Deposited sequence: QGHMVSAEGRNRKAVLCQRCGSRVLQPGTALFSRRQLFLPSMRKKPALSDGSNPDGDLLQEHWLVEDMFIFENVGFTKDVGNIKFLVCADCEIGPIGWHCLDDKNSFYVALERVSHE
């Protein structure tokens, strides 16, 4: 919204950890997505979120952590401070990784 999504639907801004500023994604590396996904709280239960960056290969991420499998899901966390979930991946869909905008910052 604003100078956030390009005409092609890509992220205009870098995506950062809100807590430590680790760079998760470079600009232009992801597509805006309104798919509804459940993300457990980053503390202490969670939110149904529907604004995400959709990334098509794990190696497009600049810096990110993956949790061990929880069923066929892996959650994404900050590589540096490990706060998360900031994102979500279903292993059955090899080319779809979601970073929730509410859970990150943009520079």
Which deposited-sequence positions, grouped into ranges, are missing C-alpha coordinates? 45-54
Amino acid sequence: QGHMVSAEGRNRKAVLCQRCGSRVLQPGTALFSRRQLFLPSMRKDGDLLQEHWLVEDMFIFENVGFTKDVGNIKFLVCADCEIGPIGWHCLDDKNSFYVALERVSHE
From here on, numbers count along this sequence of modelled residues.
Is the mean CA B factor in the deposited entry higher across 35-43 or across 59-67? 35-43
Take the C-alpha B-factors listed in the entry for 93-101 and for 5-13, compute each mean, and give the stretch with the larger one. 5-13
Entry-reported Cα temperature factor of residue 48, expressed as the chain third it lands in: highest
